[PDB]
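Here is the structure we will look at.
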Amino acid sequence: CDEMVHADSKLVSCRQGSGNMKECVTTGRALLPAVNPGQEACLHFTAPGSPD
Amino acid sequence: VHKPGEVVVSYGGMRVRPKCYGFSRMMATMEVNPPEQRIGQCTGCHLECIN
Amino acid sequence: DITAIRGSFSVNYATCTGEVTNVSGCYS
Amino acid sequence: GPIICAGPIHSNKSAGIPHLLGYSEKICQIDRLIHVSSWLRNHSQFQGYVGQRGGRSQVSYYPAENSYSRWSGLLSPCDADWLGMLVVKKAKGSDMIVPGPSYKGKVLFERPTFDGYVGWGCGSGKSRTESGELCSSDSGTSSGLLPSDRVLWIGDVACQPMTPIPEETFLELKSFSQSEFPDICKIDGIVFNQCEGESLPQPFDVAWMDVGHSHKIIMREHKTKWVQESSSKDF
Amino acid sequence: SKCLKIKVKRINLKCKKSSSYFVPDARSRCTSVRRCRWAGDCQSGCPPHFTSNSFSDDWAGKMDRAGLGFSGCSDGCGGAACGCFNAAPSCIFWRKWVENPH
Ligand SMILES: *[C@@H]1O[C@H](CO)[C@@H](O[C@@H]2O[C@H](CO)[C@@H](O[C@H]3O[C@H](CO)[C@@H](O)[C@H](O)[C@@H]3O)[C@H](O)[C@H]2NC(C)=O)[C@H](O)[C@H]1NC(C)=O
């Protein structure tokens, strides 16, 4: 997917239910362009937590 | 018996036969966050040419 | 511009290499 | 109307009914509230004939309306204990009441808690004509019948057989439970989230279900599905 | 003798406020209550009147996340495959929520 824009890292609602696996919740809306047909588009996400 | 039947519970792409399903008033707790803040800071002020 | 609306999500939380190999060809 | 049986009235207060194993026979006993009395005899150590002409049809609830009450085939958590499908416990000293219902002339009631269910009774003669913790002595107990004055129930809760599920499914729903309610962290001393200090008492209500773990699965966004099927128990 | 002073700072273009309005972030959500015929004594003819602020079918009294979501009868499946032990159409009621997550 040559077309993709990352998520927004400011909307964060994470509860540390498990120490190994952080639990997070996010909402909002998305604004991405559209391709000329015949491919698969992606959408990447981040977190203030570093690894995942 | 005068029973409506069985309850299938679907929740976020799930399917559940419950033990006991209900809705009732309950004692919960509510949290509060402090609202607002302010600041000041040093600034350099100088002049070089006036037209 | 295909776009989406975001509800209350459920999204939750290494050793690697270079692992590179060959290329195919097309531009423009 | 009545399920199978309009149980008779017994005048002798000392009515000793032992354990019974028949599936169909015990239903009229619940219609006679024999299990309701047995909780009093087991825990309040008081033997009293309950539901004289009362039955299930005259049991009152804090909400004025219950369609499921009209459906007598629905099992209640109190009646699930005669079959032993769940557990009920004594009113702990750490428990504080919800000021919803009016407690006048009351003896026994129920409470759906986030961990389980609990029964509340006190002395014979000592009637709860007030919403307070104690119950003052009253002569209204002289007669053997209180027509659901000693009995009141909380919530319109449904109960049915359950097939077990792995706890990781219970865990993700528990994770899903926190997602839909960022505004709570503590429930009755049982931790629900982790945040700053919180005010202890709040009248608060959300739909919930039981699946067989220490925590309840709550929802404000679910959907129901009712089906009828052949089951030997429902006969 | 006494005096009063008036300071002037800027020249700018703004205008009056006629009335103030607020708009949250509406988000679609919904629940359906699935009811078989003869269970709950479904209205074989759906009544045009609806108690949309109570929902006597489901918890006549409760605070909701909803801006008074409307309800409608719908023609569900009927038969053993539908599990309603009857060929009559099912009896499904519904509710709308208008809510703001954040
Ligand atoms: C109050 O305490 C009573 C004494 O424990 C108790 O009666 C007992 O109930 C159990 C039910 O499990 C009976 O156990 C027998 O019967 C069941 C099914 O009927 C079997 O599965 C068991 O294996 C066992 O054979 C006891 O026999 C019975 N005790 C007496 C003396 O009848 C009441 O149920 C208690 N009531 C409350 C409200 O707590």
Problem - D:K233 more than 7 Å from every other protein chain (Cβ to nearest Cβ) and assigned to a loop (DSSP other than H, G, I, E, B) - result: yes
Fill in the blank from the handout: Expected output for the stretch D:15-27 (first residue within 14 Å of another protein chain (Cβ to nearest Cβ), partner within 11 Å of the ligand (Cβ to nearest atom) and assigned to a loop (DSSP other than H, G, I, E, B), Cβ below 7 Å, 6+ apart or cross-chain) is D:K26/D:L20; D:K26/D:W82
Exercise for the section: Kindly provide the set of residues from the stretch D:180-235 that are farther than 13 Å from B:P18 by Cβ and among the hydroxyl-bearing types (S, T, Y), ordered by number. Expected result: D:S199, D:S214, D:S230, D:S231, D:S232
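If we keep just the residues of the stretch D:39-75 that are among the basic types (K, R) and under 20 Å from B:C20 (Cβ atoms), which is farthest from the ligand (Cβ to nearest atom)? Walk me through it before giving the result.
Going residue by residue through the stretch D:39-75, those that are among the basic types (K, R) are D:41, D:53, D:56, D:70.
With the extra rule that they be under 20 Å from B:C20 (Cβ atoms), the set shrinks to D:56, D:70.
Details: D:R56: 17, D:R70: 26 Å.
Checked the stretch D:39-75; the qualifying residue farthest from the ligand (Cβ to nearest atom) is D:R70.
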Exercise for the section: Could you look through the stretch C:5-28, keep only residues that are within 18 Å of the chain's Cα centre (by Cα) and within 8 Å of chain A (Cβ to nearest Cβ), and pick out the one that is farthest from A:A7 (Cα to Cα)? Expected result: C:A14
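What number of residues within the stretch E:19-29 are within 27 Å of E:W59 (Cα to Cα) and more than 8 Å from chain D (Cβ to nearest Cβ)?
Filtering the stretch E:19-29 for residues within 27 Å of E:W59 (Cα to Cα) gives E:24-29.
Add one more test, that the residue is more than 8 Å from chain D (Cβ to nearest Cβ), and what stays is E:24-28.
Result for the stretch E:19-29: 5.
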Fill in the blank from the handout: Note on B:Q37: of the conditions (1) closer than 19 Å to D:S76 by Cα; (2) surrounded by fewer than 17 Cβ atoms within 10 Å (Cβ to Cβ); (3) polar (S, T, N, Q), unmet is (1)
Exercise for the section: Working carefully through the options E:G78, E:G69, E:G40, find the one that is at positive phi, crowded, with 17+ Cβ neighbours inside 10 Å and out of contact with any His (no Cβ under 9 Å at 6 or more places or on another chain). Expected result: E:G40
Exercise for the section: Find all pairs meeting these conditions: Cβ atoms under 8 angstrom apart; at least six residues apart or on different chains; first residue within the stretch B:1-27 and part of a loop (DSSP other than H, G, I, E, B); second residue of a type in the set (S, T, Y). Expected result: B:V1/D:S72; B:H2/D:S72; B:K3/D:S72; B:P4/D:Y68; B:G12/C:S10; B:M14/D:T169; B:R17/D:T163
Exercise for the section: Kindly establish whether D:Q29 is within 12 Å of the ligand (Cβ to nearest atom) and part of a loop (DSSP other than H, G, I, E, B). Expected result: no
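Working only within the stretch D:157-169, note down all residues that are at the interface with chain B (Cβ under 10 Å from one of its Cβ atoms) and more than 17 Å from D:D81 (Cα to Cα).
Keep residues of the stretch D:157-169 that are at the interface with chain B (Cβ under 10 Å from one of its Cβ atoms), which gives D:157-165, D:169.
Within the stretch D:157-169, D:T163, D:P164, D:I165, D:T169 meet the criteria.
Since every read-out is calculated from the coordinates, none of them should be taken as a lab result. Cβ atoms come from the backbone with ideal geometry, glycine included; neighbour counts cover every protein chain shown.
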